[PDB]
Every structure is written in structure tokens, then in C-alpha cells.
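Engineer: Mind having a look at this structure? Questions to follow.
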Amino acid sequence: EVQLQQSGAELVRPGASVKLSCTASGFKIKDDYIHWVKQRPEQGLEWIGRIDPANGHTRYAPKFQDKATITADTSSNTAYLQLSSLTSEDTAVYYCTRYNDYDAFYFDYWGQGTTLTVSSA
Amino acid sequence: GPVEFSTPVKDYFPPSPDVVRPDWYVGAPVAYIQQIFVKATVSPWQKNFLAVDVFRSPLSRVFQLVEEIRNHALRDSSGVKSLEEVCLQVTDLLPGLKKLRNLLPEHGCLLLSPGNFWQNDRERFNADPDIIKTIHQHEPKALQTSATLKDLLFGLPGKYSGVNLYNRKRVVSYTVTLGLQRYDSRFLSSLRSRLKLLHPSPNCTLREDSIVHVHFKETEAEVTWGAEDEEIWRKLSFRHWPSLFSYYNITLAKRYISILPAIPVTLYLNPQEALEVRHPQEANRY
Amino acid sequence: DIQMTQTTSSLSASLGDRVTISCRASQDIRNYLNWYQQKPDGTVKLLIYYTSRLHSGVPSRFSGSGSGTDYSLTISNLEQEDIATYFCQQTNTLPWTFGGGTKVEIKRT
Ligand SMILES: *[C@@H]1O[C@H](CO)[C@@H](O[C@@H]2O[C@H](CO)[C@@H](O)[C@H](O)[C@H]2NC(C)=O)[C@H](O)[C@H]1NC(C)=O
């Protein structure tokens with residue numbers, strides 16, 4: 001029922017800027033926060049930030065301040081994460097998710113994941 | 001225009017067709033009413049327990065429960081974090097009728113509960129040998145038409161409460177009443193989620209999708225939840241809310257209030273607490 | 001700020017065996033611990049949002065326990081579909097931190 005489709009794998013140069021997308025189906029993004037998580041093998045999942053699409057109010061982990069920019073379009077029911085000043089340490093898998101309980105704060109549904117690779121080739 | 005609660009559909013009790021509002025449903029409500037409806041029981045029962053032991057220990061939890069609600073903060077909030085930012089502010093009771101000092105909240109959030117009988121003081125509750133006398137010290141002799149202080153503080157009609165010496169069921173119900181100036185779905189859902197995580201209720205089936213707008217013109221026992229617990233406020237007196245707000249010089253004459261669905265809470269207490277709460281002079285009294 | 005540590009990054013077990021993953025928080029987290037499962041495919045799925053509880057659709061063979069700083073997920077009987085990595089997340093203090101996952105695999109040779 002509830003699905004969070006993510007864009008395809010992305011390859012970009014260092015110093016560039018990426019815009020990842022996450023389209024919801026089965027629910028309206030107005031009803032919940034949208035979160036972005038970062039997986040790197042051998043270092044484990046880590047929280048990037050979240051956005052409340054009703055208010056446009058974003059919050060980030062202190063690690064990614066000035067790095068990530070989250071936005072949301074309610075008509076398209078789609079959240080976006082923009083990465084800037086990319087470096088090698090940004091090669092990783094980015095997950096789009098939400099939560100539905102506002103005291104437990106568990107991530108109930110997840111996207112399949114988008115692999116981002118940053119190399120000059 | 002009136003506030004848009006997208007997730008909970010609106011509902012009207014006296015007349016007000018909605019063509020999509022012309023009929024008295026125009027402005028913001030005087031206040032929203034949020035009930036935390038508590039059912040409690042001393043689940044492992046014993047011989048040698050006195051009738052008072054049925055309710056003293058369940059009533060002793062109202063103080064911790066009130067502190068939890070007042071200190072609750074919505075971690076990861078996008079607009080409102082604590083109760084003080086959302087609750088209705090009251091300043092002074094009427095200049096006459098100060099006899100109800102230290103029985104109704106003077107300064108701060110309008111929050112009513114049985115603990116008000118003891119100024120929200122657990123020590124004063126512990127030093128009380130007769131809870132019933134304290135509860136009934138200010139009820140009339142049926143000569144006053146407005147709502148009684150016991151009904152105002154308990155939130156229930158009074159025969160549903162179960163606080164009596166002839167209580168055959170070992171389940172006692174009461175309520176904590178919150179008056180809110182603003183409606184915040186996120187904060188209210190956070191409060192509801194917190195209370196059901198701390199105190200899950202057995203197969204609780206309470207409705208949670210309708211806001212009711214009211215316009216005033218002019219052996220072992222087990223806790224069950226059923227249709228008799230739905231919309232319990234509907235079984236309070238008619239003058240209940242007008243009299244509650246009149247005590248603070250707030251009038252509901254040509255305006256309305258919005259009652260939100262109740263939050264269920266279930267408390268199971270064990271014999272250790274039921275004994276530690278017992279007052280020493282009732283062991284040899286009867 | 002809050003560092004969560006899982007003792008064993010890998011764990012070997014057999015079908016029908018009793019399995020236990022455990023993780024420890026650097027400070028009190030007041031039972032605000034969630035457990036997630038990641039398949040080798042990469043798809044993540046919530047198992048035990050709240051200590052001891054169960055997310056809808058999760059088999060009853062999963063259970064959770066713990067308190068204070070130490071918490072543990074338990075799989076009563078390892079099924080072939082339960083080969084994955086398990087992460088514990090603390091939702092007590094605002095920057096949520098996950099613990100390095102623990103992989104569960106079958107006993108080889
Ligand atoms: C009860 O409230 C009403 C209105 O809120 C008060 O009535 C008047 O309110 C205006 C507006 O603030 C004041 O300027 C007047 O001085 C009030 N006078 C009277 C006679 O109503 C009313 O005073 C309030 N009652 C008390 C005891 O303060």
C-alpha cells in the first residue's frame with residue numbers, strides 16, 4: 001500500500017550538487033515528516049535530517065549542517081534532498097522514510113535506497 | 001473562518017447545517033476540551049482488604065499522572081513543544097467566591113483532576129485519613145443547580161467514578177481535564193501516543209475521529225472498555241461547562257466549545273502499593 | 001551525542017535455534033529503542049519500534065526486552081527468512097543515533 005519510490009542511482013563529480021527525490025504513494029506527505037538517512041558500509045546508518053511538509057520546517061543532525069537541504073512539494077507529494085560541496089565521503093546509500101507515531105518516533109516505511117557515487121572517472 | 005482540522009471530521013449537536021457554517025459555527029471555539037480518561041484497579045486482590053483500599057492507591061497515581069501531562073514535551077516538534085505553549089491561561093477566580101481557593105487552579109494552565117482536592121500535594125494526600133470526607137466537603141445539599149465541585153474535578157457524573165464504600169466492581173474511573181486555547185494535531189497526537197505507550201489499555205476501542213462542537217444558548221477483576229465509556233462527557237450535567245467557565249468569568253453564551261476525543265489510560269496496581277498507601281489509623285478503625 | 005554500541009558485529013546460528021542480539025546505550029534512553037532489520041537486498045523494515053512491542057505484520061517469534069542502558073532483541077526460532085542485519089536506534093535525545101548493525105548468518109562448515 002504505502003510506498004516511497006526513490007530515483008535511480010546517481011554518479012556525480014566532486015564539488016558538484018545533487019538533488020535526490022522521493023515520491024510517496026498511498027499517503028499525503030502533508031500528514032507526516034519526511035526523513036533522510038545515510039548508510040555507509042563499515043560505518044553504519046546515520047540520521048541526516050527531516051522536513052515537515054505542512055510547515056516547511058526542517059531540522060538536521062549537527063553533522064550535516066550546511067550540507068543537506070530538504071524541501072517538499074505537496075502537489076507532487078514528493079520530498080527532495082539536495083547535497084552540496086560533494087566529496088568522496090559522500091559515496092553512500094540514501095534512504096527516504098517517515099514516522100507515524102509522534103512519541104516513539106519509529107521509521108515505519110522505507111524506500112528501497114538510492115546509491116550516490118562521487119568520482120572524477 | 002473556523003479552524004480546519006483535516007484528519008478529524010467536524011460534528012455538530014444543536015442545529016447548524018453546513019453547506020460548505022452559516023448557523024453559529026463561525027469563530028474559533030472558546031476553548032478545546034481534552035479529557036484523559038483513567039480507569040484503574042488493584043488487579044491482584046486479597047482477603048483482608050478494606051473498602052477504602054479499593055480506591056486510595058488508584059487515586060494516589062493522579063499526582064504522577066498530572067506531572068507527566070504538565071511536563072510532557074514533544075521531542076522533535078515543528079511548532080509547539082510543551083503544554084504551557086498551548087494551554088488556556090487563567091489568572092484569578094472571581095473576587096467573591098474565593099472560598100474555592102486551593103481547590104481550583106488559580107495561576108497557569110486550566111487543568112482539573114482529583115489531585116486538586118489536595119493542592120496536588122502527595123504528602124497532603126498521604127496525611128488524609130478519610131478521602132471521602134475530603135472529597136465531599138464542598139458539595140451542596142442539592143440546592144444549587146450548577147455543576148458540583150466533585151463533578152468538576154472528577155470529570156465524570158459521579159456514579160461511574162466508583163469512589164464509594166459499596167463499590168462491587170474493583171475498577172475506579174476518573175478524568176484529567178485540559179482546557180486548550182489552540183489546537184495542534186502534532187502535539188495532541190504526541191500526548192496521546194505517550195499516554196498509550198506508558199499505560200496501554202486492554203483492547204481499547206474508543207473512537208478517535210470526531211470533534212464535537214457544543215453551542216450553549218441562554219478472584220480477580222479486569223478493566224473493560226465498552227460502549228458505556230464512549231462520549232462519557234455527554235452524561236455530565238448540562239450546566240457543567242458553562243459553570244466551569246463561569247467560575248473564571250468566561251462566558252459561553254453566544255459562542256461554543258470544541259470537545260476532542262478522550263485519551264484512554266489504564267492503571268494496574270499491585271498489593272505492595274495498595275498497602276504502602278494505606279493510612280495506619282484505618283487498620284484498626286473498623 | 002548518544003553513542004549506541006552493539007557488542008557483536010556478527011553472529012552465527014542455526015534454524016530453530018534461540019538467538020539474542022544486544023546493544024547498550026551510553027546513557028539512559030528511557031526505553032526509547034527501536035529495532036530494524038535490513039536484508040541483503042538492502043530493504044529495511046521496522047521490527048520492534050518500542051521495547052518489547054511489535055510492529056504490525058511482524059512474526060511473533062520476535063521479542064524485545066531490556067531497561068536502563070542495555071536492551072536486547074530475541075528471535076525464538078531462526079527462520080531462513082531471518083538472515084539479515086539488525087540495528088538498534090535510540091529516539092530519546094534529538095539527534096537519533098543507530099548502532100552498528102549485527103549480521104546473523106547460518107553455521108558454515
Ligand atoms: C468579567 O469579564 C467581563 C468581560 O471580559 C468584564 O466586563 C467588562 O470588560 C471590559 C473589557 O475588559 C472592561 O473594560 C470592564 O471594566 C469590565 N466591566 C464589567 C462591569 O464587566 C468584567 O469586569 C469581568 N468581571 C470581573 C469581576 O473582572
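In the C-alpha cells, chains take the letters A, B, ... in the order shown, each chain's residues start at 1, and ligands count up from 1 in the order shown.
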Run DSSP on the backbone and give me the residues of segment 1-120 of chain A it puts in strand (DSSP E or B), as an MDAnalysis selection string.
Structural biologist: chainID A and resid 3:6 10:12 18:25 34:39 46:52 57:60 68:73 78:83 92:98 110 114:118
Engineer: Compute the chain A side of the contact with chain B at 8 Å, counting only C-alpha atoms, and hand it back as number ranges by chain.
Structural biologist: A: 52, 55, 57, 101-104
Engineer: List all protein, DNA and RNA residues that have any atom at most 12 Å from ligand 1, counting only C-alpha atoms and all ligand atoms, and write the list as a VMD selection string.
Structural biologist: chain B and resid 91 to 98 245 to 252
Engineer: Hey, what's within 8 Å of segment 84-96 of chain A if we count only C-alpha atoms and toss same-chain stuff fewer than 6 positions away? As a list in words, please?
Structural biologist: residues 4, 6, 13, 14, 15, 16, 17, 18, 22, 34, 35, 36, 37, 38, 39, 40, 41, 67, 68, 110, 111, 112, 113, 114, 115, 116, 117, 118 and 119 of chain A
Engineer: Please produce an output containing C-alpha atoms for each residue in the selection, written as a PDB file, in the first residue's frame.
Structural biologist:
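Output saved as part-v7.pdb:
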```
ATOM      1  CA  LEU A   4       8.190   5.573  -1.178  1.00  0.00           C
ATOM      2  CA  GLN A   6      13.211   6.736  -4.987  1.00  0.00           C
ATOM      3  CA  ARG A  13      31.765  14.804  -9.814  1.00  0.00           C
ATOM      4  CA  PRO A  14      33.345  16.145  -6.600  1.00  0.00           C
ATOM      5  CA  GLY A  15      32.303  19.693  -5.836  1.00  0.00           C
ATOM      6  CA  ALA A  16      29.003  19.264  -7.675  1.00  0.00           C
ATOM      7  CA  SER A  17      25.473  19.357  -6.277  1.00  0.00           C
ATOM      8  CA  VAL A  18      22.902  16.550  -6.348  1.00  0.00           C
ATOM      9  CA  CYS A  22      11.392  10.608  -3.010  1.00  0.00           C
ATOM     10  CA  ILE A  34       9.965  13.012   5.750  1.00  0.00           C
ATOM     11  CA  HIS A  35      13.433  11.900   6.840  1.00  0.00           C
ATOM     12  CA  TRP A  36      16.676  11.170   5.030  1.00  0.00           C
ATOM     13  CA  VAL A  37      19.160   8.579   6.315  1.00  0.00           C
ATOM     14  CA  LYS A  38      22.697   7.767   5.152  1.00  0.00           C
ATOM     15  CA  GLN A  39      24.211   4.261   5.042  1.00  0.00           C
ATOM     16  CA  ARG A  40      27.919   3.671   4.544  1.00  0.00           C
ATOM     17  CA  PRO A  41      29.286   0.134   4.741  1.00  0.00           C
ATOM     18  CA  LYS A  67      25.428  20.246   3.854  1.00  0.00           C
ATOM     19  CA  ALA A  68      21.904  18.996   3.255  1.00  0.00           C
ATOM     20  CA  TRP A 110      11.379   2.946   3.959  1.00  0.00           C
ATOM     21  CA  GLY A 111      12.386   3.483   0.365  1.00  0.00           C
ATOM     22  CA  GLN A 112      14.484   0.957  -1.489  1.00  0.00           C
ATOM     23  CA  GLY A 113      17.534   3.244  -1.316  1.00  0.00           C
ATOM     24  CA  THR A 114      19.499   5.375  -3.787  1.00  0.00           C
ATOM     25  CA  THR A 115      23.218   4.824  -4.323  1.00  0.00           C
ATOM     26  CA  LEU A 116      25.219   8.012  -4.876  1.00  0.00           C
ATOM     27  CA  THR A 117      28.778   7.769  -6.212  1.00  0.00           C
ATOM     28  CA  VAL A 118      31.113  10.757  -6.497  1.00  0.00           C
ATOM     29  CA  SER A 119      34.175  10.242  -8.677  1.00  0.00           C
TER      30      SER A 119
END
```
Engineer: As a list in words, please: the residues near residue 73 of chain C (cut-off 9 Å, only C-alpha atoms, same-chain neighbours under 3 positions excluded).
Structural biologist: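 The residues that qualify are residues 19, 20, 21, 22, 23, 35, 48, 51, 52, 62, 63, 64, 65, 66, 86 and 88 of chain C.
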Engineer: Using only C-alpha atoms, which chain A residues lie at most 9 Å away from chain C, written as a PyMOL selection string?
Structural biologist: chain A and resi 42-49+60-62+103-113
Engineer: So that I can check the secondary structure, give me every residue of segment 4-245 of chain B assigned helix (DSSP H, G or I) by backbone DSSP, as a PyMOL selection string.
Structural biologist: chain B and resi 51-54+56-60+62-71+83-85+98-100+114-118+122-126+131-136+149-154+185-198+227-229+232-235+240-245
Engineer: Can I get the selection written as a PDB file, in the first residue's frame, with C-alpha atoms?
Structural biologist:
```pdb
ATOM      1  CA  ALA B  51     -13.298  -0.969  51.010  1.00  0.00           C
ATOM      2  CA  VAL B  52     -11.097   2.130  51.164  1.00  0.00           C
ATOM      3  CA  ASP B  53      -8.163   0.134  49.781  1.00  0.00           C
ATOM      4  CA  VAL B  54     -10.226  -0.143  46.575  1.00  0.00           C
ATOM      5  CA  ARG B  56      -6.848   5.072  47.788  1.00  0.00           C
ATOM      6  CA  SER B  57      -3.953   3.530  45.860  1.00  0.00           C
ATOM      7  CA  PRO B  58      -5.545   4.189  42.417  1.00  0.00           C
ATOM      8  CA  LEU B  59      -6.174   7.785  43.457  1.00  0.00           C
ATOM      9  CA  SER B  60      -2.562   8.117  44.593  1.00  0.00           C
ATOM     10  CA  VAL B  62      -3.232  11.042  39.878  1.00  0.00           C
ATOM     11  CA  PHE B  63      -0.310  13.150  41.082  1.00  0.00           C
ATOM     12  CA  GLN B  64       2.316  11.395  38.956  1.00  0.00           C
ATOM     13  CA  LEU B  65      -0.110  11.351  36.022  1.00  0.00           C
ATOM     14  CA  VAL B  66      -0.719  15.098  36.307  1.00  0.00           C
ATOM     15  CA  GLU B  67       3.030  15.769  36.439  1.00  0.00           C
ATOM     16  CA  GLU B  68       3.560  13.662  33.316  1.00  0.00           C
ATOM     17  CA  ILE B  69       0.980  15.648  31.361  1.00  0.00           C
ATOM     18  CA  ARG B  70       2.270  19.029  32.518  1.00  0.00           C
ATOM     19  CA  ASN B  71       5.940  18.166  31.922  1.00  0.00           C
ATOM     20  CA  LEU B  83       1.841  22.214  27.253  1.00  0.00           C
ATOM     21  CA  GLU B  84       2.465  25.742  28.541  1.00  0.00           C
ATOM     22  CA  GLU B  85       2.640  26.949  24.915  1.00  0.00           C
ATOM     23  CA  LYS B  98     -12.604  32.781  46.811  1.00  0.00           C
ATOM     24  CA  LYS B  99     -13.711  30.007  49.192  1.00  0.00           C
ATOM     25  CA  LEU B 100     -12.630  27.653  46.382  1.00  0.00           C
ATOM     26  CA  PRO B 114      -8.813  14.705  41.738  1.00  0.00           C
ATOM     27  CA  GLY B 115      -5.401  15.813  42.979  1.00  0.00           C
ATOM     28  CA  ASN B 116      -6.726  19.368  43.231  1.00  0.00           C
ATOM     29  CA  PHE B 117      -8.543  18.279  46.380  1.00  0.00           C
ATOM     30  CA  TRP B 118      -5.083  18.122  47.995  1.00  0.00           C
ATOM     31  CA  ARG B 122       1.157  13.865  47.588  1.00  0.00           C
ATOM     32  CA  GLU B 123       2.153  14.461  51.213  1.00  0.00           C
ATOM     33  CA  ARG B 124      -1.183  16.136  51.960  1.00  0.00           C
ATOM     34  CA  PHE B 125      -2.939  13.209  50.287  1.00  0.00           C
ATOM     35  CA  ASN B 126      -0.970  10.769  52.455  1.00  0.00           C
ATOM     36  CA  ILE B 131     -10.688  10.544  51.389  1.00  0.00           C
ATOM     37  CA  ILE B 132     -14.485  10.574  51.090  1.00  0.00           C
ATOM     38  CA  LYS B 133     -14.916  13.375  53.641  1.00  0.00           C
ATOM     39  CA  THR B 134     -12.297  15.474  51.855  1.00  0.00           C
ATOM     40  CA  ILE B 135     -13.980  14.845  48.503  1.00  0.00           C
ATOM     41  CA  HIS B 136     -17.462  15.762  49.718  1.00  0.00           C
ATOM     42  CA  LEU B 149     -17.199  20.674  42.636  1.00  0.00           C
ATOM     43  CA  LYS B 150     -16.875  16.892  42.721  1.00  0.00           C
ATOM     44  CA  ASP B 151     -18.196  16.635  39.160  1.00  0.00           C
ATOM     45  CA  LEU B 152     -15.942  19.473  38.025  1.00  0.00           C
ATOM     46  CA  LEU B 153     -12.783  17.906  39.430  1.00  0.00           C
ATOM     47  CA  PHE B 154     -13.571  14.273  38.553  1.00  0.00           C
ATOM     48  CA  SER B 185      -2.649  17.986  15.926  1.00  0.00           C
ATOM     49  CA  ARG B 186       1.033  17.115  16.276  1.00  0.00           C
ATOM     50  CA  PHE B 187       1.230  17.959  19.976  1.00  0.00           C
ATOM     51  CA  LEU B 188      -2.072  16.270  20.803  1.00  0.00           C
ATOM     52  CA  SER B 189      -1.083  13.118  18.928  1.00  0.00           C
ATOM     53  CA  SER B 190       2.236  13.157  20.784  1.00  0.00           C
ATOM     54  CA  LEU B 191       0.436  13.386  24.130  1.00  0.00           C
ATOM     55  CA  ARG B 192      -1.947  10.588  23.170  1.00  0.00           C
ATOM     56  CA  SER B 193       0.892   8.362  21.959  1.00  0.00           C
ATOM     57  CA  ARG B 194       2.883   8.994  25.133  1.00  0.00           C
ATOM     58  CA  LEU B 195      -0.018   8.070  27.381  1.00  0.00           C
ATOM     59  CA  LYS B 196      -0.810   4.854  25.495  1.00  0.00           C
ATOM     60  CA  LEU B 197       2.851   3.842  25.452  1.00  0.00           C
ATOM     61  CA  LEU B 198       3.181   4.360  29.193  1.00  0.00           C
ATOM     62  CA  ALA B 227     -19.860   1.470  24.532  1.00  0.00           C
ATOM     63  CA  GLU B 228     -20.697   2.743  28.012  1.00  0.00           C
ATOM     64  CA  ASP B 229     -17.345   4.570  28.037  1.00  0.00           C
ATOM     65  CA  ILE B 232     -18.709   9.961  28.712  1.00  0.00           C
ATOM     66  CA  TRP B 233     -18.865  13.757  28.885  1.00  0.00           C
ATOM     67  CA  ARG B 234     -22.321  13.536  27.309  1.00  0.00           C
ATOM     68  CA  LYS B 235     -23.539  12.206  30.663  1.00  0.00           C
ATOM     69  CA  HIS B 240     -21.257  21.644  33.570  1.00  0.00           C
ATOM     70  CA  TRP B 241     -19.164  23.608  31.082  1.00  0.00           C
ATOM     71  CA  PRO B 242     -20.907  26.973  31.457  1.00  0.00           C
ATOM     72  CA  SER B 243     -20.472  26.716  35.235  1.00  0.00           C
ATOM     73  CA  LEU B 244     -16.825  25.680  34.936  1.00  0.00           C
ATOM     74  CA  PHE B 245     -16.050  28.658  32.761  1.00  0.00           C
TER      75      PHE B 245
END
```
Engineer: State, in Å with one decimal place, the distance from atom CA of residue 267 of chain B to atom CA of residue 147 of chain B.
Structural biologist: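 Atom CA of residue 147 of chain B lies at a distance of 27.5 Å from atom CA of residue 267 of chain B.
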Engineer: Provide the atom CA of residue 13 of chain C to atom CA of residue 107 of chain C distance in Å, to one decimal place.
Structural biologist: 5.7 Å
Engineer: Between B:200, B:180, B:269, B:219, which has the minimum distance to chain C (counting only C-alpha atoms)?
Structural biologist: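 Smallest distance to chain C is found for B:200.
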Engineer: Find the residues near residue 79 of chain A: any atom within 9 Å, counting only C-alpha atoms, skip ones fewer than 5 places away on the same chain, and give them as a VMD selection string.
Structural biologist: chain A and resid 20 to 24 29 34 to 35 51 53 70 to 74 96
